[PDB]
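Colleague: Below is the structure, and that's it, no one-letter string:
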């Protein structure tokens, strides 16, 4: 069937069954396509083909990202390659022939086994050994000497290594996705250079590598049944040429570091909070595990502390302490960092107790009133509301970590605190109470930094950290929504 | 400074200082602010003059004028509050009086002088210095408040019901962007198990009314759905902070409103003994001095949490920019009346017998509830209609009027009270329809009548599936409410959706053999035996298609725009009615690291699950156009080409509008909210041309999904939680059964 708005034609499942005879391939390998056809038709694989202009126009109408491979140097040669969309099981071809169509069916089917094996699934015992054998060869593939090979062979090897090592040395992509992509590129290099290496070449180390990988794929493709003898053509010079599309969930460090430097009038433009948020990333966010977070019930001990600390953060803002969207995120993140540390080390908050008790001796309701002699009864009500929360009456244990977190972010409370007298025991240091409170906060986080930087698996704290990363992930996505909701010069909803 | 702007807001704005310009020059007013002794001297001479006129009623006049000055500054509400000097002059609710006890203008001057003394000593000192060193700036600012006052007085004096109820010294004030404060019942709020609200107090109420325990709940800064906060969202003009014609308050927040006749008389004699409580009730007074309603006030202390802004310069710009908008909406209603007269003129000219199908709106009305709403109609539109037609004349087509009143057969309650819901008969009809169209499993997790959605999911993978079925369900239910409001009978849809579902279902199954029979035709290039079998098969199927009741939509091509664009085997689940299981199959194709992220999982536009939702959405539009086309042909008597003309103007192709939001953000539910918004704009524009009577009625007769905010605490609808990504609700009980409004001109501008 042909599209109405473009010359692109669409081929669906159960429409290329007769194509086994059309290729008139040898009968021994002809039965293979009968099995490949069943597999791809089970998961609704459709084929789209056309001229380079027709297939490009189709993508724009349907909002499809294309991966056609061609350059100005290749334009002089004049060869175009399509791509495969592994997310929705669609194959895109550009000016296909009978050979290329057959080559793609056995290429898409092969990549499915690689994906399943590296996703933790189960495969056939024959396929498991073939992939494992191929994996071991790749380790020695990147350690050969090419000084004795033909100049045209060196260029092929140079390109393969650069793309292979990029997937292995990638940190912002899911390792399961990156591992499969690296192996798939390895097979393409071996099949491409089979023709030019079998002739006009010596018996170098690289040459023997090409012959071994070709046999390794043969066992994987044919399974446990008998395969054609050595040196036989696979599918009339089989080749892998189409690119694959793969996507996965981003990591926690990716989204948390994006909104660190957000600032706006409707969002908040406090400079001291942005700098405080930067030191948090160095101590906590940088040392989280690179794997994407999950969603489990996570019943434990630290998980009770994070749930309790989340409720107190909301309760504080509802009882006198209004905050902007920028202040709210930093308040939530810092408090959860101190809450998980206090649940592991019972003596982490020993110093904060001394500073909290001293502050409570010199605090009064009149400190929270702009006009000490006002007449409106509502002015006194709000000031008394803030006094109770500091006194802990409103909040009614993880109460201490919340106070330490609040003392670093709020700007109105810090003005009152800094005017209080300094104890004679702490007069040697020469610092005000507000800076003493902010210096005690970094001490708690620094102790937690050493905990995550050691042997996590043996210390049995891996599960606890997985709970802290979920809280950071949730608070990072919330400030990504308030931002972009005021993305106008006036900052109005 | 920001403190000086707030002092000017309280001084010039909340004290109604513009009333002094009637008897004093601009230079004399600046002398009052610079001398406290002058203020005390003016009061002494004013009190003596009023005492002579008032006579024995001097004690009551003094008491009520001091109580009013308390509310205008500190926000406190006393017992039997009188909102303006016009009501104080008649002493409503105190003694039977046949006129003004004293001079109205004299009482106005005394009230604003009393409230000037209630200001803070520090606040008054700021105004004294500004009045002496900023002479040219202060005089210009005072003149602006005079212009703002005249416009409100022009609208208020038109009707006597709104003349005795408008608030004195009203000036707008805005909350903080992001916060929310509501008053809700304790028992009903507990079962929702919301995790974004914190109880900050209890609602005591008054002793004249008995009700369940209530409380205050506050929500800190977050992101809210568009067009739900920051605007008044009112379709009626307001003068003095109250609605024009009725007198109900709209510029502030109240906990409720009582309007029933038997219940109001119960409150009236209960308060004659005495009142006690932190939140007394405020009465609404008639033109003859009686009481027609009561309201539940709000504690002034609870308003401190909202972090309200009182910038004088900024709030004046908001005030004038809102008066202009109200004027434009008033002129639009006058043009609609001109069109209604033009249609009536031609029909009578063609033949004198055409008058048999017209009804006089302003004449005698048999329906009591309809008649009462006509009396409280805006006085500015009444005079315009009388100018063109005559003395108490307004003729409209009877057939077009019946459509505008098709809602009342399915809804019960009162809009002003705030308890307007669908009748139980209506719910049992819509509920059974969604089960048939969607899957049985989907109905159990979407319209649970006892439990919310979030309480029924206990797996990280099931969150993705549940969050995907919601979008088609919202679109399916929104269309049913919209077409019910436009006068389509309920019983028509109940018996037609299963009929249309069956007709569509067999189309794909029949098309499946035709869509690939051409491949056999290509392989039939040979003996005629293959050709003979194929030729009879394809022609027989097409003849069956010709007999289907939905055939005219097929020929136009809009019914099969995406049907032939792609054929897949799993799509048969959608046509069968297994949407919930169809979502699980596409969910398992996601990567392992994405499926286990639950509510944190970001779904890309390239995945198969993303395009599965789009296919289901257009499958709901499959049935929407089918029902509408029958309605315009069967019971409307329109040509087969006229009906297809209207259908094409109310639906759009979604492939042209991909999301344009940030990465690393959950924009799945937000994208569909904006797509559904544009389709609502096209519907409103079509209703104006094809039904001028319904548009005019929608802003006169109260109806569900016809009036916006009525002063009660903000309530959401089904379209609101869809955009916010929450899951603490259900579309089967209580909240979540509400549909967005249907006012044509309101949707065009808001």
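Modeller: Looks like it came in fine. Residues are numbered from 1 along each chain as shown, chains lettered A, B, ... in the order given.
Colleague: Let me see the ranges of the helices in the stretch 401-550 of chain B.
Modeller: Counting by DSSP state H, counting those that start in this stretch, the stretch 401-550 of chain B has helices at residues B:424-437, B:440-446, B:460-485, B:490-522, B:528-546.
Colleague: and the stretch 501-650 of chain B, which of its residues are near chain A?
Modeller: Where proximity means C-beta under 8 Å from any C-beta of the partner chain, the interface of the stretch 501-650 of chain B facing chain A comprises B:515-516, B:518-519, B:523, B:564-570, B:589, B:591-594, B:596-602, B:604-608, B:611. C-beta here means a position set from N, CA and C on the backbone, and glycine is covered the same way.
Colleague: wait, what's in contact with the residue of chain B found nearest chain A?
Modeller: Proximity to chain A, evaluated over chain B using C-beta to the nearest C-beta, is greatest for residue B:598 at 3.2 Å. With contacts taken as C-beta atoms under 8 Å, 6 or more residues apart in numbering or on different chains, residue B:598 has the following neighbours: A:294, A:295, B:460, B:461, B:463, B:464.
Colleague: try 6 Å this time
Modeller: By C-beta atoms under 6 Å, 6 or more residues apart in numbering or on different chains, the contact set of residue B:598 is A:295, B:460, B:463.
Colleague: who wins for neighbours among the residues you listed?
Modeller: When neighbours are counted as other C-beta atoms under 10 Å in any protein chain shown, the busiest of these turns out to be residue B:463, with 21 neighbours.
Colleague: Need phi/psi at the closest residue to that residue other than its chain neighbours.
Modeller: Ranked by C-beta to C-beta, 6 or more residues apart in numbering or on different chains and with sequence neighbours excluded, the top spatial neighbour of residue B:463 is residue B:598, at 4.5 Å. Per-residue torsions, residue B:598: phi 60, psi -130 (degrees, to the nearest 10).
Colleague: The residues of the stretch 501-650 of chain B next to chain A, buried ones only, as a PyMOL selection?
Modeller: PyMOL command restricting those to the buried ones, with burial defined by 16 or more other C-beta atoms under 10 Å in any protein chain shown:
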select buried, chain B and resi 515+519+567+589+591+593+594+596+597+598+599+600+601+602+606+607+608+611
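Colleague: Show me the residues of the stretch 501-650 of chain B next to chain A that map onto helices.
Modeller: For these, the ones inside helices are B:515, B:516, B:518, B:519, B:592, B:593, B:594, B:608, B:611, with DSSP state H as the criterion.
Colleague: All the strands of chain B, residue numbers only.
Modeller: Using DSSP state E, the strands of chain B run over residues B:180-185, B:198-203, B:214-219, B:238-239, B:242-243, B:256-258, B:281-285, B:291-296, B:358-360, B:395-397, B:411-412, B:421-422.
Colleague: interface residues of the stretch 651-750 of chain B facing chain A?
Modeller: B:658, B:662, B:664, B:665 (C-beta under 6 Å from any C-beta of the partner chain).
Colleague: From those residues, list just the buried residues.
Modeller: When burial is judged by neighbour count using 16+ other C-beta under 10 Å, the buried members of these are residue B:665.
Colleague: got TSV for the residues of the stretch 651-750 of chain B next to chain A, with distance to residue A:7 too?
Modeller: Compiled in TSV, those are given as follows (distance: C-beta to C-beta, whole Å):
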residue	distance to residue A:7
B:658	24
B:662	36
B:664	38
B:665	37
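Colleague: ok, the residues of the stretch 651-750 of chain B next to chain A vs residue A:267, which is closest?
Modeller: residue B:662 (13.7 Å; C-beta to C-beta).
Colleague: Might one say that the closest one is in contact with residue A:484?
Modeller: Yes: A contact is recorded between residue B:662 and residue A:484 when judged using C-beta atoms under 6 Å, the distance being 5.0 Å.
Colleague: Measure how buried residue A:208 is and give me the count.
Modeller: When counting by other C-beta under 10 Å, one arrives at 12 neighbours for residue A:208.
Colleague: centre of the chain versus the strand or helix carrying it, how much separation?
Modeller: Counting by DSSP states H and E, the secondary-structure element that holds residue A:208 is helix A:205-222. Taking the mean of its C-alpha atoms, helix A:205-222 sits 34 Å from the chain's own mean (C-alpha atoms, centre = their mean, to the nearest Å).
Colleague: again with stretch B:216-230
Modeller: Centre-to-centre, stretch B:216-230 and its host chain are 16 Å apart (C-alpha atoms, centre = their mean).
Colleague: and that stretch, does that touch chain A?
Modeller: Yes: judged by C-beta under 6 Å from any C-beta, stretch B:216-230 and chain A are in contact via B:218, B:220, B:221, B:223, B:230.
Colleague: list the contacts for residue 332?
Modeller: Since you didn't name a chain, this refers to chain A. Residue A:332 makes contact with A:313, A:475, according to C-beta under 6 Å, 6+ apart.
Colleague: try again with chain B
Modeller: Residue B:332 makes contacts with residue B:745, as judged by C-beta under 6 Å, 6+ apart.
Colleague: which residues does residue 217 contact?
Modeller: Assuming you mean chain A. By C-beta under 6 Å, 6+ apart, residue A:217 lies in contact with residue A:187.
Colleague: look at chain B instead
Modeller: Applying C-beta under 6 Å, 6+ apart, we find residue B:217 in contact with B:182, B:184, B:197, B:199.
Colleague: so residue A:49, which of the three states?
Modeller: Under DSSP: H, G, I helix; E, B strand; the rest coil, the three-state class of residue A:49 is strand.
Colleague: count of neighbours near the closest residue to it other than its chain neighbours?
Modeller: Residue nearest to residue A:49 in three dimensions, not counting chain neighbours: residue A:93, with 4.0 Å by C-beta to C-beta, 6+ apart. As a burial measure, residue A:93 scores 21 neighbours (other C-beta under 10 Å).
Colleague: any idea which element residue A:93 lies in?
Modeller: Take DSSP H and E as the rule and residue A:93 turns out to sit in strand A:90-94.
Colleague: Now do that strand: everything it contacts.
Modeller: With C-beta under 6 Å, 6+ apart as the contact definition, strand A:90-94 has outside contacts at A:46, A:47, A:48, A:49, A:52, A:55, A:80, A:82, A:83, A:84, A:104.
Colleague: going on from that strand, what's the next piece of helix or strand?
Modeller: Scanning forward in sequence from strand A:90-94, with DSSP H and E defining helices and strands, the next element found is helix A:98-118.
Colleague: Does the following helix or strand past that following helix pack against any helices or strands, and if so which?
Modeller: Going down the chain from helix A:98-118, the next helix or strand is helix A:125-141, by DSSP H and E. Applying 3 or more C-beta pairs under 6 Å, 6 or more residues apart in numbering or on different chains; DSSP states H and E, one finds that helix A:125-141 contacts helix A:205-222.
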